[PDB]
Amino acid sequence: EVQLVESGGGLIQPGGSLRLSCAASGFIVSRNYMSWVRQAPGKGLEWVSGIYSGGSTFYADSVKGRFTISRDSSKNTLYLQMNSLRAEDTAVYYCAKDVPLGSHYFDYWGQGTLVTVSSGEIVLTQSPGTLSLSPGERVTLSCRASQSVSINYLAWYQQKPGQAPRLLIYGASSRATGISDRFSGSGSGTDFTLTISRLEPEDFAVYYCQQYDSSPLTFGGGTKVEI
């Protein structure tokens, strides 16, 4: 069905420039909402830039004026032009297909491409930071928000080692398609929980919450679950 495949990236000199591209299948790029999200070791998951179905573009404050999101209708490709690159831009970059509710969440992700540069928001606090449990055990992860997420616009992702995040929960309690029924979201207001009822070895991953109540969208810091 839907496929997102990045190309471009690599090692660049500070102040250099670089263009990422994202070839999509399964939908017309120039007719849908799409985004770039990056993962840096220090700042975690961070929204970078979005384009609307009608062409309006939006940028995180850290990249405004340096980055340009665009698309080519003829090639069904999304682009991210990065100029004046800084060390702090070092990150794995994902293109992502928006679900355009609130400030948006992402039901499809690209594979992730590494860029290395040489030389008012709602804050989500995740607890605890790392867990180590045995198969068959129950685990509950907390997501606390700095402000009330009033209509449950809170999503949960699972990121297995070396992979892109995968949406598990949206709307605080609704499971995404194909997600196993032992993943359970709940909570309201400022306190949200993800419960994994019988841990399996494959559940080894970092779990991120993401609020799409307010702009910019923001992610929690992640809780690693080790099995």
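We number the residues from 1 along the sequence you see.
Unmodelled residues of the deposited sequence between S74 and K75: none, the chain being continuous.
Comparing 37-45 with 161-169, the higher mean C-alpha B-factor in the PDB entry belongs to 37-45.
Comparing 54-62 with 176-184, the higher mean C-alpha B-factor in the PDB entry belongs to 176-184. Highest C-alpha temperature factor among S103, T130, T113, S146, as the PDB entry reports it: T130. Comparing the C-alpha B-factors of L78, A87, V92, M82 in the entry, the top value falls on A87. Sorting the modelled residues of the chain by their CA temperature factor places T195 in the highest third. Sorting the modelled residues of the chain by their CA temperature factor places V99 in the lowest third. Residue-level temperature factors show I12 in the highest third of its chain, judged at the C-alpha atom. Ranked against the other modelled residues of its chain, the C-alpha B-factor of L154 as given in the entry falls in the lowest third.
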